[PDB]
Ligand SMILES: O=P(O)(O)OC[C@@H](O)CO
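Starting off, we have a lone chain in the form solved without this ligand, written out as C-alpha cells.
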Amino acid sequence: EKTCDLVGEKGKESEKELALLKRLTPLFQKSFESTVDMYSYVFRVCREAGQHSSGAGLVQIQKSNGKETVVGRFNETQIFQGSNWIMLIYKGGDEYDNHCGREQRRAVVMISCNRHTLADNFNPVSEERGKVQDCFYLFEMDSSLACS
C-alpha cells in the first residue's frame, strides 16, 4: 500500500502525523488542479500527481510546452494541524538550477476548514524562490476534513 512516507523508520512514525494521513484517506482517490499565468498545478494527497512516474505529490505544468516539473514528492511528507486547518508539505521536488542554492523544490499546502465541501478551491498562492535556502511553492485549498 504505497502512500505518503513520513520521517522515521516505517512503522515508527509520529502518531500525530499518521492520524492525519488516516483522516485524509478519503481524498487519496481525488485530483486537484489550479484554476485561471504560464503554469498550471496538479495536486494529490499521497498519490502520483504527475504523468511521468516520478513520485510527485504536486506538479507544475508549463502550459506553452507541457513541461512537468515536480514541486514535491509524497515520499517526503510532513503533515500537522491546528484548530481549523491542516498544513501538508511535500519536500524532494526537482532541484532549482539557479535559485535557492539549487535546493530541491518543496510544496506547502494550507488546507482550511470549509463545512460545504469535502475538498475544493485548490490554487497556488505564490512561489518563494528569492531566498538562499528554505524556498517553497505555497498553495491553499478548502476541506471539511480540516474542520475541528
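For every residue, the number given is its place in the sequence shown, counted from 1. In this text, the rigid core denotes the largest set of C-alpha atoms whose superposition between the two forms falls within 1.5 Å.
Taking 117-125 and 95-103 in turn, the stretch whose Cα atoms are more displaced from the shown form in 6 other deposited structures of this protein following rigid core superposition is 95-103.
Larger average C-alpha displacement in 6 other deposited structures of this protein, relative to the shown form after a rigid core fit, is seen for 127-135 when comparing 127-135 with 14-22. Coordinates are lacking for 4 to 9 deposited residues between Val36 and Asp37. The deposited model assigns a higher average Cα B-factor to 116-124 than to the other stretch when 116-124 and 80-88 are compared. For the pair 139-147 and 2-10, the mean B factor over Cα atoms is greater in 2-10. Comparing the listed residues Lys67, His52, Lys30, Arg106, the entry records the largest Cα B-factor for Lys30. Compared with the other modelled residues of the chain, the Cα B-factor recorded for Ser40 ranks in the middle third.
FYI, the form deposited with this ligand bound isn't displayed, but the following is about it.
In the deposited bound form, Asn84 stays away from this ligand, with no heavy atom inside 4.5 Å.
This ligand in the deposited bound form comes within 4.5 Å of no heavy atom belonging to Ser112. Although the partner is absent here, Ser31 is a contact residue: one of its heavy atoms lies within 4.5 angstroms of this ligand in the deposited bound form. Heavy atoms of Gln51 never reach within 4.5 Å of this ligand in the deposited bound form, leaving it off the interface. In sequence order, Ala119, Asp120, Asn121, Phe122 are the residues of 106-126 having a heavy atom within 4.5 Å of this ligand in the deposited bound form; the partner itself is omitted from this view.
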